[PDB]
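First comes the structure, then the notes that go with it.
Rule-based calculations on the coordinates, nothing more; no lab input. Here Cβ is always computed from backbone atoms with ideal geometry, including for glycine, and neighbour counts include all displayed protein chains.
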RNA sequence: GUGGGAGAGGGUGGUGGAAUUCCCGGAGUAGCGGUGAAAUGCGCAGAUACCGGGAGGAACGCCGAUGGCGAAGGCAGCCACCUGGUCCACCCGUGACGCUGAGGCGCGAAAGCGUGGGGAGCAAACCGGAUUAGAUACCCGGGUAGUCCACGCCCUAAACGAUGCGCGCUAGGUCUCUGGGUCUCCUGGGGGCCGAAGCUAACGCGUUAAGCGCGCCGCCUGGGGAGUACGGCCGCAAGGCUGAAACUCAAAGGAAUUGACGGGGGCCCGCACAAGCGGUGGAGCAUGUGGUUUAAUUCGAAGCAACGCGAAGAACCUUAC
RNA sequence: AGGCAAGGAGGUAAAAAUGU
RNA sequence: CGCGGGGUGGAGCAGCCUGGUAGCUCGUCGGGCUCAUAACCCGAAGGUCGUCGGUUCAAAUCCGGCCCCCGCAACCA
Ligand SMILES: [Mg+2]
Ligand SMILES: [Mg+2]
Ligand SMILES: [Mg+2]
Ligand SMILES: [Mg+2]
Ligand SMILES: [Mg+2]
Ligand SMILES: [Mg+2]
Ligand SMILES: [Mg+2]
Ligand SMILES: [Mg+2]
Ligand SMILES: [Mg+2]
Ligand SMILES: [Mg+2]
Ligand SMILES: [Mg+2]
Ligand SMILES: [Mg+2]
Ligand SMILES: [Mg+2]
Ligand SMILES: [Mg+2]
Ligand SMILES: [Mg+2]
Ligand SMILES: [Mg+2]
Ligand SMILES: [Mg+2]
Ligand SMILES: [Mg+2]
């Protein structure tokens, strides 16, 4: 049931609403361009939602992937 | 008559037939194999063994164009995607990587009635 | 149905028949085999009962395949059997008629067959009465193939399309 | 047949050579429980083998068995509404048994007069890598390959 | 009122990729697709599968929830605009201004219809194939309306929490989301689950009550007849509201309980099937039976559990015909 | 490397009318 | 009269054309399967291929004539 690491936990203090912040953001996506859930990221419902929105915005621009590819298989 | 040594292997897989297309690293396909290519009509067309056979055939064809470098790309899921991959690994090519890639709609148009009930 | 090949052939002097419309005589099994090899078409015991067994020089498997294909083709275009009674109702009759009409439209031959009990005395007349009427009704689509003939425990009427 | 795996029987091995396989073969040969009938037959066959193809008759038999032992067999499962001939591995004892059965069948299927003789000939054929038993084995193998697709209905 | 907050609330204008199809371009060849099997279907004018672009239309993957919003129907890419509802905190302002609501007015999924557009997929009807005794069906190949938008109309629904709204009281815990705090705990507002008292026909309900009350509205008085007739209204139509009776039945029902049953599940078993040896059915005959024939073929036994059975001894006897 | 489990796959659960 | 196509187990139709080697469905009867009926499954029963010939070692099959059955025309008179 996945207990490797939490994305909020490995991290320090950061802003949610900056899409222009890709390094800290490419962390909440999957290896496939896909958003990690509550039980993989570790944020508040509200916070998670905000993050998701920001991710979407970024995608719309072109900062983060819409999707990519999983490898090795 | 083209000669390349280098490229990719798409395995597109429906549960009805696991198709394998070998292409150069552009995206121009030299040779391909599927179930019916290995005779196999109908039921068995998309069984794991069939898929494996197809993969082998594809590899053989590639070899007839001096081919070694092969990047795997699996599109969808059929009766034997994993088996096909295994065959490719074994077959006789320098495999790059097994790229897992579904042509999943980002909530597209309505699916068929068989693919209805998915809801 | 075994037309027998090569060394499925036990009989000594087999009548070695060619592929087409020729013969090589009544020769040994080995001889026959050799002949088959020469043509590369198998030696096939097509008439074992015959005055020494008839041994055709044909590729057996291919021939069998062809036969199978033919059989499949024959499977289909076809005949619909509409089963009436003596105790059958007016609405029911109408329904049956409609079905028959549909079949005719499609392009299917029609065995309107009546299924009887005891009283094969006041069965045949009723069978006629139903079936004749039905035929009369569907005349526009249907040329009657088989008339109402009582056949022991059943009765048949059959209809063929006038045109399709 | 739903509890323990149920033991294979502990054969009293051969009196002549000192082996269980031999005994099993004898038993297979014998119908109607007339053992010393068929044991004698087997011995006659062995003698024939020794004479005709000058070799140790147990060894020959073993070789024959080895030749006819099939590692892949076909079962049958109705799956979906279509009956697929299922290609699967064989357990060793079972395989051996099958081989024995086939040998016995071949011995009966042979066109000559006396059973012992027929048996001997069959065994010789098997040793060579030919005859009837071998053919049957080959057929079975083919079946477990012309159906090698449905393999995934893994029983 | 002020200070904030959460949110797929609604509308208007845009955009963002995946995907689909369709077009061109390329490489490439013998099948693809489809199924429980298959066939119709497309493909040598070269399909499918693969890459490059372009054309569209529709929908919004992941997040995404057992979650949030609305009064309900409902609502999700994202952004912008306009814009509702609401929640808290201060307790600051008003001084009972409230609660309910016959009618009325408004909204009201989906389908439907009208006018005009658009049309990729899906896809009623429809045309095929199989499947089948039959196939108007389930399954596949297309396929028209329709789905989509504008404007208009329709107004029904398992329009459900099958729970009318409003406030007051009556143990807790537990998880959730959302606000403030003196922030490992308090205190509001929502969403769930377990349960005190109590209620209930039981199931269950149980501070989001079906508890205890009060307020008002809606409706109910057996089922079928029937949401039908008849009127009346509304509607372009489909139909909708509004709503009987005559007759007919001694029931229609709910909730549980015991069983039985399930082509429901889990756990088990047996020569039950598999694994194997030998048959039965095919032959003659031995027998018993059904049927038939007879003057009588005595009578019974009936799927397993009747059929070398009563009969473990029919020439007469037995024996009953 | 095994150990359990969560999720995603895909394979399987065919068909089979009635009433003394 | 002229021309084309076909005549086949009881009925419908394959095979002919490409000489040897006759199939399916419906119907007949019996069995099975079922607690029982249909349905089902199986069989069993059942055709010398319209017929007379010839061909050829051998004809449903190559070929003629008759017998039919279908249809199309049948004109100048
Ligand atoms: Mg405010
Ligand atoms: Mg193209
Ligand atoms: Mg004050
Ligand atoms: Mg004052
Ligand atoms: Mg469609
Ligand atoms: Mg059909
Ligand atoms: Mg239809
Ligand atoms: Mg369809
Ligand atoms: Mg319209
Ligand atoms: Mg209601
Ligand atoms: Mg109200
Ligand atoms: Mg709410
Ligand atoms: Mg609460
Ligand atoms: Mg209590
Ligand atoms: Mg409760
Ligand atoms: Mg109550
Ligand atoms: Mg109504
Ligand atoms: Mg009216």
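When the residues of the stretch D:119-152 are filtered to those that are farther than 17 Å from residue D:62 by Cα and out of contact with any strand residue (DSSP E or B) (no Cβ under 8 Å at 6 or more places or on another chain), which remaining residue is surrounded by the most Cβ atoms within 10 Å (Cβ to Cβ)?
So, considering only residues that are farther than 17 Å from residue D:62 by Cα and out of contact with any strand residue (DSSP E or B) (no Cβ under 8 Å at 6 or more places or on another chain), the one surrounded by the most Cβ atoms within 10 Å (Cβ to Cβ) is D:149.
In the list D:86, D:68, which residue meets the criterion of being within 14 Å of another protein chain (Cβ to nearest Cβ), crowded, with 16+ Cβ neighbours inside 10 Å and closer than 25 Å to residue D:137 by Cα?
Unique residue meeting the criteria: D:86.
What about residue A:28, is it away from chain B (no Cβ under 14 Å) and touching a helix residue (DSSP H, G or I) at 6+ places or on another chain (Cβ under 9 Å)?
It is true that residue A:28 is away from chain B (no Cβ under 14 Å) and touching a helix residue (DSSP H, G or I) at 6+ places or on another chain (Cβ under 9 Å).
Condition check: within 21 Å of residue D:145 (Cα to Cα), near RNA strand E (Cβ under 6 Å from one of its atoms) and over 11 Å from the mean Cα position of the chain (by Cα). Does residue B:27 satisfy that?
In short, no.
Within the stretch A:34-73, can you find the residues that are within 16 Å of RNA strand F (Cβ to nearest atom) and within 14 Å of chain B (Cβ to nearest Cβ)?
A:34, A:35, A:67, A:69, A:70, A:71, A:72, A:73
Just the residues that are under 32 Å from the mean Cα position of the chain (by Cα), more than 18 Å from residue C:1 (Cβ to Cβ) and part of a loop (DSSP other than H, G, I, E, B), please, taken from the stretch C:13-50.
C:18, C:19, C:20, C:21, C:22, C:41, listed by residue number.
Residues of the stretch C:116-136 being part of a helix (DSSP H, G or I) and either surrounded by 14 or more Cβ atoms within 10 Å (Cβ to Cβ) or touching a helix residue (DSSP H, G or I) at 6+ places or on another chain (Cβ under 6 Å) (or both), which ones?
Result: C:124, C:126, C:127, C:128, C:130, C:131, C:132, C:134, C:135.
Looking at the stretch C:59-87 only, could you name the residues that are surrounded by 10 or more Cβ atoms within 10 Å (Cβ to Cβ) and within 16 Å of RNA strand F (Cβ to nearest atom)?
Correct list: C:83, C:85.
Is it the case that some residue within the stretch C:100-115 is within 16 Å of RNA strand F (Cβ to nearest atom) and either assigned to a loop (DSSP other than H, G, I, E, B) or away from every other protein chain (no Cβ under 14 Å) (or both)?
yes
Determine whether the stretch B:25-45 contains at least one residue that is part of a loop (DSSP other than H, G, I, E, B), more than 16 Å from RNA strand G (Cβ to nearest atom) and within 14 Å of chain A (Cβ to nearest Cβ).
There is no residue in the stretch B:25-45 that is part of a loop (DSSP other than H, G, I, E, B), more than 16 Å from RNA strand G (Cβ to nearest atom) and within 14 Å of chain A (Cβ to nearest Cβ).
Hey, residue C:25 hits all of (1) at negative phi; (2) touching a strand residue (DSSP E or B) at 6+ places or on another chain (Cβ under 9 Å); (3) away from RNA strand E (no atom under 16 Å from the Cβ) but one; which does it fall short on?
Every condition holds for residue C:25 apart from (1).
If you go through the stretch C:54-89, how many residues are in a strand (DSSP E or B) and within 11 Å of RNA strand E (Cβ to nearest atom)?
5
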